[PDB]
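Chains as they are written, first to last, in the entry's author numbering: chain B, 72 to 497; chain C, 139 to 149, 159 to 169.
Positions of the beta carbon are idealized from the N, C-alpha and C atoms, including for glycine.
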């Protein structure tokens, strides 16, 4: 019927002065742009159709042509930045915002999706969507006593569009808009649908990837207990952003980090540090490393939860990126920790896997390991057991690798290596 | 000298853009 037209026919139809011919041609266009194999977005743009579609968005008397043009423009705006830009240059943003209040749920949903595609282009179009006033009507669509009365696809689309309004940096979203959105976001974070939960956690992680003041406005809403709960979930699509958000939050101040510890997060890390997905392991170790960079009572919480043997484990056998994060965690631990704590680190077995890692080619990991070794020796000199440790390192082959490192391309590497040998092995 | 280190490469994430197939 409207299946498989040419751009030529679609143009003649749009250029007739017959609303029903126009509707037929607009549906033909939509069906060309909804096929799988490489829709002809550029052909459609070149024929001059965007302005017409945009004008059809305002035809209140013909809701079907509103729907078909909204869908066609959604699919054009899902393409390259140049194609999204063509949609924005046609005046589409204010017209989609007007459509957000349509009494037809499928037209409203299509408007939501199109605005999400436009904001997903980047910071400039995100901020332009916000300036035209989208947040107010978007949030009004969700202002119901119980989210569970909304249709599932509708709620998932609204959530994804909100998440894109919270996304990207340079700049981050305006602070007034973040405060407008957060309450609804926390509500969606307590919903029971897994796709709503995953996209809400993603939005929260976007907002916590910033300076401590963004982190603070998120933590003041009390989402951390719910994030820890989600950190426990079985669906990887929920654990992944929940762990990202927790990690972001612990890049902040010691008191924000403490809010995470007090919600129970550490109890989850035995699973996370042994997770079969490499990315979970790496992200959990990066989080651990930012926790061992905290205060001594926080390091002691790490110890009490039994996580040092898990760090020894990831350092012994893991993807090399995870191992580099584990080295960072060890160095932050030996920098900030008490003597009892560093002794404990050594009694758990850190030295041998730490030494095995000095055979690696990455220069910064080697530098970090040497800093950690320094910190450990310097805990030993406070106890006079420095000879026992020197022996321990000699016995697993570490001192061989340090000597070899004396002659390294990096300056500080050779400097630290020679210092170590001439200061503890003579 | 311990330091908190933000995420190496932040950008499994949701699609930035989505085609509507039906």
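Between which residues of its own chain and residue 465 of chain B is the CB-CB distance below 8 Å, once the five residues before and five after are set aside? Along the first chain, read from residue 1 onward, the residue named residue 465 of chain B stands at position 394. Cβ within range, chain order: 496.
Give a yes or no on whether 9 Å exceeds the smallest Cβ distance from residue 308 of chain B to chain C. Numbered from its first residue, the first chain carries residue 308 of chain B at position 237. Yes, contact with chain C.
Using a Cβ cut-off of 9 Å, pull out every chain C residue sitting near residue 105 of chain B, in sequence order please. Looking up residue 105 of chain B in the first chain gives position 34. Near residue 105 of chain B (Cβ distances below 9 Å), the residues of chain C are 166, 167, 168, 169.
Can you give the Cα-Cα distance for residue 226 of chain B and residue 479 of chain B, rounded to whole angstroms? Reading the first chain from its first residue, position 155 is the one you call residue 226 of chain B. Reading the first chain from its first residue, position 408 is the one you call residue 479 of chain B. Looking at the two C-alpha atoms, the distance is approximately 58 Å.
With a CB to CB cut of under 7 Å and the five nearest residues on each side skipped, what residues in its chain are close to residue 417 of chain B? On the first chain, residue 417 of chain B is found 346 positions in, with the first residue counted as 1. Taking C-beta separations shorter than 7 Å and ignoring five residues to either side along the sequence, the partners of residue 417 of chain B in its chain run 447, following chain order.
Under 8 Å, with one C-beta from each stretch per pair, do the segment 473–488 of chain B and the segment 195–208 of chain B reach the 3-pair mark? With a cut-off of 8 Å, the segment 195–208 of chain B and the segment 473–488 of chain B do not count as touching, because too few Cβ pairs lie within range.
Taking the C-alpha atoms as reference points, what is the distance between residue 81 of chain B and residue 143 of chain B? Stepping through the first chain from its first residue, residue 81 of chain B is reached at position 10. Stepping through the first chain from its first residue, residue 143 of chain B is reached at position 72. Residue 81 of chain B and residue 143 of chain B have their C-alpha atoms some 12 Å from each other.
Using the Cα positions of residue 117 of chain B and residue 104 of chain B, report the straight-line distance between them to the nearest angstrom. Here residue 117 of chain B is taken as the residue at index 46 of the first chain, counted from 1. Here residue 104 of chain B is taken as the residue at index 33 of the first chain, counted from 1. Answer to the nearest angstrom: the Cα atoms are 14 Å apart.
Proximal residues, the segment 373–399 of chain B versus chain C, C-beta separation under 8 Å: Only those residues of the segment 373–399 of chain B whose C-beta falls short of 8 Å from the nearest C-beta of chain C are listed: 399.
Residues of chain C with CB under 8 Å from residue 361 of chain B, in chain order? Stepping through the first chain from its first residue, residue 361 of chain B is reached at position 290. Here the neighbours are 142, 143.
For residue 164 of chain C, name the three-state secondary structure that DSSP assigns. If you number the second chain from 1, residue 164 of chain C lands on position 17. In the structure shown, residue 164 of chain C sits in coil (DSSP, three-state: anything other than H, G, I, E or B).
Per-residue burial, residue 430 of chain B [other beta carbons within 10 Å of its own, 16 or more giving buried]: Taking the first residue of the first chain as position 1, residue 430 of chain B is located at position 359. That one is exposed.
Assigned secondary structure, residue 145 of chain C (DSSP; H/G/I helix, E/B strand, else coil): Counting from 1 along the second chain, the entry for residue 145 of chain C is found at position 7. Of the three classes helix, strand and coil, the one that applies to residue 145 of chain C here is coil, per DSSP.
Quick check on DSSP: helix, strand or coil for residue 280 of chain B? Mapped onto the first chain, residue 280 of chain B falls at position 209. Looking at residue 280 of chain B - three-state DSSP - the assignment turns out to be coil, as it is neither helix nor strand.
Name the chain C residues that come within less than 8 Å of residue 280 of chain B, Cβ to Cβ? Counting from one through the first chain, the residue named residue 280 of chain B turns up at place 209. Neighbours of residue 280 of chain B on chain C, chain order: 144, 145, 148.
Taking all protein chains shown into account, decide if residue 462 of chain B is buried (16 or more other Cβ within 10 angstroms of its Cβ) or exposed. Numbered from 1 along the first chain, position 391 holds the residue referred to as residue 462 of chain B. Residue 462 of chain B comes out exposed.
Top-ranked residue by Cα proximity to residue 109 of chain B, from B/269, B/396, B/95, B/147: As a working note, residue 109 of chain B is residue 38 in the first chain. Residue nearest to residue 109 of chain B within the set B/269, B/396, B/95, B/147 is B/147 (criterion: CA-CA distance).
For residue 332 of chain B, the nearest candidate out of B/369, B/343, B/406 (CA to CA): Translated into positions along the first chain, residue 332 of chain B becomes position 261. A check of alpha carbon separations from residue 332 of chain B across B/369, B/343, B/406 identifies B/369 as the nearest.
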